[PDB]
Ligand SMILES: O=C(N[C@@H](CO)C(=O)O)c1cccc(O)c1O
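Here's a solo chain for you in structure tokens, the form deposited without the ligand.
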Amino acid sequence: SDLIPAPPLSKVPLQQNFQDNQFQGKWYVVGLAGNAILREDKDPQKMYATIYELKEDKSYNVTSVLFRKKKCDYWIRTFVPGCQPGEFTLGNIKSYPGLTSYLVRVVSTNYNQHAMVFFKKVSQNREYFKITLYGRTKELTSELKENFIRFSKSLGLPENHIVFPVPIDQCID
């Protein structure tokens, strides 16, 4: 199992002045890229969504929804504020078999339109990294999508490892 090496953090920007309250709400995953992300053609990835909710202890209750096989699959997650506003670790790791690492980095966002988030984790000892292009709506500008493509590449990902989930109306509305 061969993988493209996770980029060195110094290459992953952090959203200047992150506002955890404004980043709340529903986000559409309009762009996906990772060393474990492949541009399938016989069955293109469907768009799923992720809802971020602040807890009073300032942690996020991240829950996602995807339409898998005639149903909505929901998966919960708790992000815990890291060392700098915008960074996050995984709450209750250890309740996730094979997980020794997990990190989130809000690269950039305008809180109303879009956002770019970098994730990196170590499962089974294999290092995985990915980047989601978030959209407040199910679609966005070409400017934003090529910016996403540009960044993914700066991290070592070939076009091939960059995909745009096709918009759907099931479960993510």
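Don't overthink the numbering: it's just position in the shown sequence, from 1.
Averaged over Cα atoms, the B-factor as recorded in the entry is higher for 119-127 than for the other of 23-31 and 119-127. Among the modelled residues of its chain, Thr63 has a C-alpha B-factor that falls in the lowest third according to the deposited record. Among all modelled residues in its chain, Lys145 ranks in the highest third by Cα B-factor. Per the PDB record, residue ranking by Cα B-factor puts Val163 in the lowest third of the chain. When the CA B factors of the chain's modelled residues are split into thirds, the value for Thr132 lands in the lowest one. In the PDB entry, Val80 places in the lowest third of its chain by CA B-factor.
Another form exists, solved in complex with the ligand; not displayed. Remarks below refer to it.
Residue contact with the ligand in the deposited complex: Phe148 places no heavy atom within 4.5 Å of it. Shown alone here, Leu144 lies farther than 4.5 Å from the ligand in the deposited complex, counting heavy atoms only. Within this chain, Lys130 lines the site of the ligand in the deposited complex, having a heavy atom no more than 4.5 Å away. With a 4.5 Å cutoff on heavy atoms, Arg105 does not count as touching the ligand in the deposited complex; it lies far away. Taking the ligand as it sits in the deposited complex, the stretch 32-70 comes within 4.5 angstroms of it through a non-hydrogen atom at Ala36, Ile37.
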